[PDB]
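So the sequences go chain by chain: A and B. Going by the authors' numbering, the first residue of the first sequence is number 2, and it counts up by one from there. Going by the authors' numbering, the first residue of the second sequence is number 3, and it counts up by one from there. Data first, discussion second: the structure below is written as structure tokens.
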Amino acid sequence: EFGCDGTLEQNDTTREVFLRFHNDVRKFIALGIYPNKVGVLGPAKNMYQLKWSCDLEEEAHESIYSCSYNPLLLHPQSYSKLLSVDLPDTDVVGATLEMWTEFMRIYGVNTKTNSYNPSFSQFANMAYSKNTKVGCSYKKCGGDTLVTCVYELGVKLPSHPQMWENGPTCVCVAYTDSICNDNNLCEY
Amino acid sequence: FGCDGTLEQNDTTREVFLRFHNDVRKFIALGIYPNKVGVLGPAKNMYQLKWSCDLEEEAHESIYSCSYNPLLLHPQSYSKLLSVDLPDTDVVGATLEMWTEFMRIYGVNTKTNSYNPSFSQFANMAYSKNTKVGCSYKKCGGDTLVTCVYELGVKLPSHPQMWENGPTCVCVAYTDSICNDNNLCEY
Ligand SMILES: *[C@@H]1O[C@H](CO)[C@@H](O[C@@H]2O[C@H](CO)[C@@H](O[C@@H]3O[C@H](CO)[C@@H](O)[C@H](O)[C@H]3NC(C)=O)[C@H](O)[C@H]2NC(C)=O)[C@H](O[C@@H]2O[C@@H](C)[C@@H](O)[C@@H](O)[C@@H]2O)[C@H]1NC(C)=O
Ligand SMILES: *[C@@H]1O[C@H](CO)[C@@H](O[C@@H]2O[C@H](CO)[C@@H](O)[C@H](O)[C@H]2NC(C)=O)[C@H](O[C@@H]2O[C@@H](C)[C@@H](O)[C@@H](O)[C@@H]2O)[C@H]1NC(C)=O
């Protein structure tokens with residue numbers, strides 16, 4: 002599920018944190034039980050399972066390599082700079098991902114449109130229903146640690162801000178020959 | 003710690019909670035804790051926190067039903083997290099880091115060090131005159147609840163100051179205070 006050989010300064014423990022965090026968020030949106038600011042997100046039809054992409058992880062790694070964020074702009078990308086602390090790497094990674102979702106919970110999703118909002122831009126990239134690939138990276142840059150995820154597909158702003166379509170769990174039709182896996186997420 | 007109660011927590015996460023708080027507080031006291039721009043502090047009357055099993059009880063009780071219901075006896079910080087398949091210490095660490103990162107998103111006004119609801123958890127953690135904290139967490143299926151209870155905190159509107167600007171180791175808020183080896187006040 003990973004197999005990323007490169008000089009990426011990361012091993013699979015944090016990659017699994019990244020990957021399963023995304024797919025847990027997406028499963029609970031699809032099931033209609035992820036908590037909004039008030040109430041719940043979802044259910045969503047067309048919410049696809051994410052797979053790791055080593056190419057996208059390289060894009061994530063390259064954007065923070067110099068210790069100043071510089072995205073390649075080939076793919077949607079979420080980024081945050083956190084204070085480096087004397088705790089394990091899973092803690093920074095976890096803190097970033099939790100923070101990305103708390104932005105959403107602090108501001109609140111309109112669950113009629115499920116539109117992107119700049120105040121939870123990272124959550125929108127993480128929840129974008131029709132994406133199927135993610136790659137993330139982090140780098141300690143002295144007093145700060147940069148954490149960033151890159152996605153194959155994302156919202157297209159401003160015209161197409163919808164993060165996911167309201168619909169029944171396991172309705173998987175956005176790609177031909179899609180099935181719903183045991184995670185309650187679509188795959189193709 | 004010595005918290006005997008049915009608190010569903012052991013001392014390893016208690017230490018992460020406590021040490022994290024006192025690191026932040028001493029970095030503010032020394033004037034080296036990063037703000038959004040620049041640094042926070044130095045602060046006078048920044049007291050070291052001690053654990054309180056009573057406050058931990060108040061924390062544990064507010065979340066044991068998996069819906070947040072504070073007792074409202076003491077200032078309290080709370081977050082509902084997405085559950086992660088990581089050791090509990092790392093979920094606690096991630097939460098505490100996240101609480102500080104809110105502050106650096108909005109930024110503290112270092113002329114006033116005023117409370118800001120947008121970083122309420124950092125504010126509760128940084129409140130200089132508090133000396134006791136109790137924290138708890140509970141895995142609730144897909145989500146995890148994490149919360150800290152403080153004996154003292156800001157009082158709005160009358161006392162919005164998280165800490166007062168001033169020299170490290172000035173410890174006069176309470177009589178018979180001293181500055182310990184952590185450069186934090188205690189009595
Ligand atoms: C990704 O890298 C991290 C950081 O190196 C790995 O986590 C570390 O894994 C090592 C073991 O390979 C842990 O060390 C050992 O800890 C135990 C308990 O104290 C002791 O028996 C042993 O003496 C100790 N070794 C030494 C010399 O210290 C280490 O504690 C652990 N965490 C950190 C922050 O260093 C990680 O390994 C994965 O996670 C650990 C927790 C184990 O489950 C391990 O089997 C896993 O592979 C690396 N991930 C991968 C996939 O390799
Ligand atoms: C609190 O609960 C933790 C989870 O059960 C304990 O960690 C576990 O300790 C085992 C040895 O007793 C060790 O083999 C396990 O890998 C470890 N599990 C995890 C997820 O870390 C913890 O014990 C403390 O921490 C571990 C890492 C060791 O250093 C122990 O010697 C420690 O006591 C429990 N804490 C206490 C104070 O009992």
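The beta carbon of each residue, even a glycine, is placed where N, CA and C say it ideally should be.
- Judged by DSSP in its simplified three-state form, A/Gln123 adopts helix.
- With its beta carbon less than 7 angstroms from one in chain A, B/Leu84 belongs to the interface.
- Taking 7 angstroms as the CB threshold, A/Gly33 stays off the interface with chain B.
- Between the segment 38-58 of chain B and the segment 131-144 of chain B there are three or more inter-stretch CB-CB distances shorter than 8 angstroms, so the stretches are counted as touching.
- Per DSSP, B/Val94 lies in no beta strand (DSSP E); the unbroken alpha helix (DSSP H) holding it starts and ends at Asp90 to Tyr108.
- When distances are taken from the beta-carbon of B/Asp13 to the heavy atoms of ligand 2, the shortest one is below 6 angstroms.
- At a C-beta separation below 7 angstroms, B/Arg106 has these neighbours in chain A: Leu84.
- Taking one beta carbon from each stretch, the segment 137-156 of chain A and the segment 11-20 of chain A have 3 or more pairs nearer than 8 angstroms; the two touch.
- For B/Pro89, the shortest C-beta to heavy atom distance toward ligand 2 is below 6 angstroms.
- For A/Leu88, the C-beta contacts it makes with chain B under 9 angstroms involve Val18, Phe22, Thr91, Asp92, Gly95, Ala96, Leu98 and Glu99, in order along the chain.
- Taking a 10 Å sphere around the C-beta of A/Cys68, we find fewer than 16 other C-beta atoms and assign the residue as exposed.
- The beta carbons of B/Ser116 and B/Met48 sit about 16 angstroms from each other, so the pair does not count as a contact at 8 angstroms.
- For B/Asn71, the secondary structure class from DSSP, reduced to helix, strand or coil, is coil.
- Rounded to whole angstroms, the separation of the alpha carbons of A/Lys46 and A/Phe3 is 27 angstroms.
- Rounded to whole angstroms, the Cβ separation of B/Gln50 and B/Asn182 is 6 angstroms, and the two are in contact under 8 angstroms.
- Under the three-state reduction of DSSP, B/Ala175 is assigned to coil, being neither helix nor strand.
- The secondary-structure analysis by DSSP pairs B/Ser116 across a beta bridge with B/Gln163.
- With respect to B/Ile30, B/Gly43 sits close: the two C-beta atoms are nearer than 7 angstroms.
- Inclusion of A/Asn185 and A/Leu75 in the CB contact set at 7 angstroms is not warranted, their separation being larger than that value.
- The Cβ neighbour count for A/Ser160, taken over all protein chains shown within 10 Å, is under 16; the residue is labelled exposed.
- Secondary structure of B/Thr133 (DSSP, three-state): coil.
- Selection A/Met127, A/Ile107, A/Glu188 and A/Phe124 evaluated against B/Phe121 yields A/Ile107 as nearest (Cα-Cα).
- By the criterion of a C-beta distance shorter than 6 angstroms, B/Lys82 is surrounded in its chain by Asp145 and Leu147, once the five residues flanking it on both sides are discounted.
- Rounded to the nearest whole angstrom, the C-alpha separation of A/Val26 and B/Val174 is 48 angstroms.
- The C-beta of B/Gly40 comes no closer than 7 angstroms to any C-beta of chain A.
- As a beta-bridge residue in DSSP terms, A/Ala45 pairs with A/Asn167.
- In the displayed model, A/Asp145 falls within a strand according to three-state DSSP.
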